[PDB]
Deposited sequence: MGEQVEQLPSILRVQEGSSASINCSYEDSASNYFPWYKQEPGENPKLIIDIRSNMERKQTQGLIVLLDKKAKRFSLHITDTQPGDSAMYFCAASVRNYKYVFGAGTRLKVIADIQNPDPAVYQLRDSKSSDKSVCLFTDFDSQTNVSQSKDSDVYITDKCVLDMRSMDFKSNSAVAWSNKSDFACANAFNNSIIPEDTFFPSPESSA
């Protein structure tokens, strides 16, 4: 039976992240690691056998200490997009894959040039939605303290094309007394909301 720590791992972009696992059978011979993107299937990312104590391939490092019955995975220079669910396992002979319960890795992104703004969208005919966007990593969109006003959590986008990341959160309501001016009374970065 295999213990994997931690369950949730919040790491800042650029920093390294490590997952540790330990297993309870002297006999285990193979230690694979699986990455799992939302909706998809776990995919083998790297593995190590009882023959060896460290392996580095494919942007990944694994350690194995047979004596301590501990093994670990190490990702240096995390980027959003390493954000996924990881799983370790220990196997014996031709059968028996025992898995950790997994680590949800969240890589928090370094907004380089923040541009906090709150804009008002429309379409088709509620009618109106508000967008809080381009704010820095250290901001919390809080939930709606108004019922019948809905606010999503922040969403991090990373482009492959350019080195620009952005945060966004969406808020909407059917009420007549609703506007973007005073919608996001969380701890806003002190800018914009310009109409």
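- In this entry, the deposited residues absent from the coordinate set span 1-3, 129-130, 201-207.
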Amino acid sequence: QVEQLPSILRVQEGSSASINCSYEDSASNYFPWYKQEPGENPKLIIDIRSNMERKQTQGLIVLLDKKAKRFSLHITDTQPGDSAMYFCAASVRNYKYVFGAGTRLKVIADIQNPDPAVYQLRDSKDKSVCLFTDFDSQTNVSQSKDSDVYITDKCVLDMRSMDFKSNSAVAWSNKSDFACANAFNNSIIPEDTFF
From here on, numbers count along this sequence of modelled residues.
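- In this crystal structure, the stretch out of 37-45 and 61-69 whose C-alpha atoms carry the higher mean B factor is 61-69.
- Here 23-31 and 136-144 are compared by their mean Cα B-factor, and 23-31 comes out higher.
- For the set 18, 173, 182, 15, the maximum C-alpha B-factor listed in the entry falls on 182.
- As recorded in the PDB entry, 50 shows the highest C-alpha B-factor of the residues 50, 167, 56, 152.
- For residue 78, the recorded CA temperature factor ranks within the middle third of the chain's modelled residues.
- Annotation for residue 112: CA B-factor lies in the highest third of the chain's modelled residues.
- When the CA B factors of the chain's modelled residues are split into thirds, the value for residue 120 lands in the middle one.
- Among all modelled residues in this chain, the alpha-carbon of residue 1 has a temperature factor (C-alpha) in the highest third.
- Per-chain ranking of the deposited C-alpha B factor places residue 85 in the lowest third.
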